[PDB]
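Architecture and fold: a report
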Amino acid sequence: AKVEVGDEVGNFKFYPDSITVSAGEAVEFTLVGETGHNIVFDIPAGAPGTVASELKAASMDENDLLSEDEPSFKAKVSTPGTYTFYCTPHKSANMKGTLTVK
Ligand SMILES: [Cu+2]
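- In terms of determination method and resolution, the entry is listed under X-ray crystallography at 1.8 Å.

- As named in the PDB entry, the chain is PLASTOCYANIN, taken from Adiantum capillus-veneris.
- Looking at the PDB record, one finds the entry titled "REDUCED FORM OF PLASTOCYANIN FROM DRYOPTERIS CRASSIRHIZOMA".
- One UniProt comment on the chain, placed under Subcellular location, says "Plastid, Chloroplast thylakoid membrane".
- Quoted verbatim from the Sequence similarities field of the UniProt record, the comment on the chain reads "Belongs to the plastocyanin family."

A look at the overall build of the chain
- Within the chain, the secondary structure is distributed over 1 helix and 8 strands.
- For the chain, the C-alpha radius of gyration of 13 Å lies close to 13 Å, the compact-globule estimate for 102 residues.
- In terms of overall dimensions, the chain has a C-alpha envelope of 40 × 25 × 25 Å along the principal axes.
- Considering the chain as a whole, with its 102 residues, one finds that 36% of them fall into the buried category.
- Working note: accessible area of the chain is about 5600 Å², and carbon and sulfur atoms make up 49% of it.
- Put simply, the chain has 8 plus and 15 minus side-chain charges, and the middle of one group is 10 Å from the middle of the other.

A closer look at the coordination of the copper ion
- The protein atoms donating to the copper ion are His 37 (ND1), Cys 87 (SG) and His 90 (ND1), with metal-donor distances spanning 1.9 to 2.2 Å.
- Sequence positions of the residues that donate to the copper ion give the spacing H-x49-C-x2-H.

Topic: the pairing of strand β6 (residues 72-75)
- Going residue by residue along β6, you find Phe 73 and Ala 75 tucked away on one face and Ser 72 and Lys 74 left uncovered on the opposite face.
- Sheet topology places strand β4 (residues 27-31) next to β6; 4 bridges connect them, and they run antiparallel. Across the sheet, the residue bridging to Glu 28 is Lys 74, located in β6.

Digging into the nonpolar core
- Judged by nonpolar contacts, the single largest core of 24 residues is most densely connected at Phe 14, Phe 29, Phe 41, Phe 85 and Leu 99.
- Those elements giving two or more residues to this core turn out to be β1 (2-5), β3 (18-21), β4, α1 (49-57), β6, β7 (81-86) and β8 (96-101).
- Ranked by residues supplied to this core, first place goes to β4 with 3 residues.

Reading the values: rules and limits
- Residues numbered from 1 in each chain as written, not as in the entry; some residues may be left out.
- Heavy atoms only, no water.
- UniProt positions renumbered as here; feature names shortened; annotations may be inferred.
- Helix = DSSP H or I, 4+ residues; strand = E, 2+ residues; numbered from the N terminus.
- Rg over C-alpha atoms; globule rule 2.2 N^0.38 Å.
- Buried < 20%, exposed > 50% of the residue type's maximum accessible area, 1.4 Å probe, protein only.
- Areas by Shrake-Rupley, 256 points an atom, 1.4 Å probe, with all protein chains shown as cover.
- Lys, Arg positive; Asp, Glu negative; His and termini not counted.
- Charge placed at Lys NZ, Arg CZ, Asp CG, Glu CD.
- Donors = N, O, S within 2.8 Å, 3.2 Å for Na, K, Ca; no water.
- Pairing = 2+ DSSP bridges.
- Core = buried A, V, L, I, M, F, W, Y, C linked by side-chain atoms within 4.5 Å.

In structure tokens form, the structure reads like this:
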């Protein structure tokens with residue numbers, strides 16, 4: 001799947017903010033615009049440790065931002081369920097989306 005992160009007008013959004021993928025299908029986040037962003041998954045409380053490792057490996061580090069020099073990030077989640085992801089700089093601005101894995 002492909003998700004655009006931000007736009008050329010500097011809005012703090014994922015495009016689309018809701019994606020449904022198959023197990024193990026990579027979703028490629030690509031930066032659009034000059035504002036840096038990243039993607040970190042929320043870890044469901046109560047999640048088994050296998051789902052928590054997977055979601056952490058599918059997340060960018062705190063000190064990592066997509067830039068014109070690193071414009072994409074690829075995440076793969078194979079466990080069925082729906083997961084929330086957000087951008088750390090603009091988490092306050094409701095810059096978030098959902099990933100449904102079938
Ligand atoms: Cu952002």
